[PDB]
Amino acid sequence: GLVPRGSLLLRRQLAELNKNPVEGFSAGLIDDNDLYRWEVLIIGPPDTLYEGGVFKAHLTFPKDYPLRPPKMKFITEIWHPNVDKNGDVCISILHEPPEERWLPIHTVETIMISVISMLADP
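FYI, the numbering for the sequence shown is 1 to 97, 107 to 131, going by the authors' numbering.
This is the structure we're talking about:
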């Protein structure tokens with residue numbers, strides 16, 4: 001058994017998230033065997049286009065995380081300028097070159122903060 005290096009980081013994040021649940025989203029593994037493939041459930045914010053909505057996105061971490069950012073893709077249909085027709089999310093926190110670029114220090118919380126903000130202002 002060879003453990004991917006970022007496993008400890010990802011496990012800590014998952015646990016930190018589970019012990020500090022947040023309003024408006026839940027994050028977990030699609031498959032407990034696999035720390036690199038997450039799903040995030042996101043509640044559409046009040047007084048927006050998305051109010052009443054609930055959305056599933058996949059957050060997929062590269063095997064060399066945290067040096068490279070995860071990729072995010074909405075699975076539930078959604079309309080947003082930063083979300084392409086495949087569902088892929090185009091957001092600067094997830095672009096390689107503080108929250109306007111990927112830095113190895115960004116956590117899932119940092120990413121979701123940015124995603125929630127972009128929905129609260131389409």
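C-beta atoms are modelled at their ideal positions from N, C-alpha and C, and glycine is treated no differently.
Beta strand (DSSP E) containing residue 51: first to last residue?
-> Counting along the chain, residue 51 falls outside any beta strand (DSSP E), and DSSP gives it neither H nor E.
Under the three-state DSSP convention, the category residue 76 falls into = Collapsing the DSSP output to three states places residue 76 in coil.
Could you check which residue in 58, 81 and 95 has the C-alpha nearest to that of residue 31?
-> The shortest Cα separation from residue 31 among 58, 81 and 95 belongs to 58.
For residue 49 and residue 13, the rounded distance between their alpha carbons | 30 Å
DSSP three-state assignment for residue 11, whether helix, strand or coil = helix
Reduced DSSP secondary structure (H/G/I, E/B, other) of residue 56 | strand
Separation of residue 17 from residue 38, as counted between CA atoms | 12 Å
In terms of residue numbering, what span does the beta strand (DSSP E) encompassing residue 26 cover?
-> 25-29
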